[PDB]
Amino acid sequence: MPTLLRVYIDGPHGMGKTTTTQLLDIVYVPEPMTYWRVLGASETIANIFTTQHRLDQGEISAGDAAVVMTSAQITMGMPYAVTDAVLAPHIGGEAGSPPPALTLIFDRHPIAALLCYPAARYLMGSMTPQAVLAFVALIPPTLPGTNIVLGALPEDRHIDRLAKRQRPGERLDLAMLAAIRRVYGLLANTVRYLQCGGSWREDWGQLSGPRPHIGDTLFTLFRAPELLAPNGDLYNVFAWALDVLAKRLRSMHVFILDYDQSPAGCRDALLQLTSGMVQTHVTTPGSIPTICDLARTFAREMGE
């Protein structure tokens, strides 16, 4: 049965992910911009930044923003979730360490819309922490060969590169850039903490008193008081949400791509990364062409 290579390009936006994948038996599942601006709702990105902006100005309440933000993040992750669910049955077990018959490269993975954006919106005061754990609770199971490339880039360069490529309806928010860079850094540390033995239940005590300290993982974000009983204990619903998080994250293979360089560099740098990536068998002989059509149809209908 053929082998497949799934590579999800993710991390904070504005570093070049789009220019990196563009330049690069290898199919692309691009940014679903048309779903965001038209198919799913009208100009979803504009509603998002408009709402953050208005919360900052004091024109609407925290509760007002959180509702718009949640509804809006549902519409943003839709294409990812639906792509994952129809693709999952075609993914079989691991290959190991030879040749990939097909290489599927995506623009983002479902955890960007289910975990990272919402956690950042939480850090911006535009989303409740209970809403973020509900989305974490719905993160599709992590299949073999879930390779996710996250990016490295000094903030100043990142602001520069972000400023020149502002999406339709987007606003250049530096507080949001900081939030999103911090979630992704926490994300990378979290996978490492978990791969290394970390038990969030065993180290929880350290947030109020060889692997990253729990204070450097996404778990610190969930010490939020909306999730805590009067005696300070995390309610069990939330603890189970964190257990899922540990289980979904932990088996992902994380890869760091340095974006502080020209798009030729970024593009080859990315292809270099694939040698330590994990590949999988597909489950049917006709699994490759179905994946390609899925990829072609997604691109044609939603990525412009």
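In case it trips you up, residue 1 is the first one in the sequence shown, and so on.
- prompt: Which class describes the count of deposited residues lacking coordinates between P230 and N231: none, 1 to 3, 4 to 9, or 10 or more?
  reply: Unresolved stretch here: none.
field: Chain break class for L24 to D25, judged by how many deposited residues have no coordinates
entry: The entry leaves 4 to 9 residues without coordinates here.
task: Can you let me know which of the two, 109-117 or 195-203, has the higher average C-alpha B-factor in the entry?
output: Per the deposited B-factors, the answer is 195-203.
task: Would you tell me which stretch averages the higher CA B-factor in the PDB entry, 162-170 or 75-83?
output: According to the entry, 162-170 carries the higher average C-alpha B-factor.
message: Using only the C-alpha B-factors in the record, can you name which of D243, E31, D268, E43 has the highest?
response: Among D243, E31, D268, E43, the PDB entry lists the largest C-alpha B-factor for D268.
- request: Going by the CA temperature factor in the entry, name the top one among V68, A264, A239, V278.
  value: Each of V68, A264, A239, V278 was compared by C-alpha B-factor; the highest is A264.
field: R250 - Cα temperature factor, lowest/middle/highest third of chain
entry: It falls in the middle third of the chain.
- prompt: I48: which third of its chain by C-alpha temperature factor?
  reply: Middle third.
- prompt: Thinking about Cα B factors across the chain, which third does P289 belong to?
  reply: CA B-factor rank for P289: highest third.
message: Could you place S97 in the lowest, middle or highest third of its chain by Cα temperature factor, using the values in the record?
response: Highest third of the chain for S97's C-alpha B-factor.
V38 by Cα B-factor - lowest, middle or highest third of the modelled chain: Ranked within chain, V38 CA B lands in the middle tercile.
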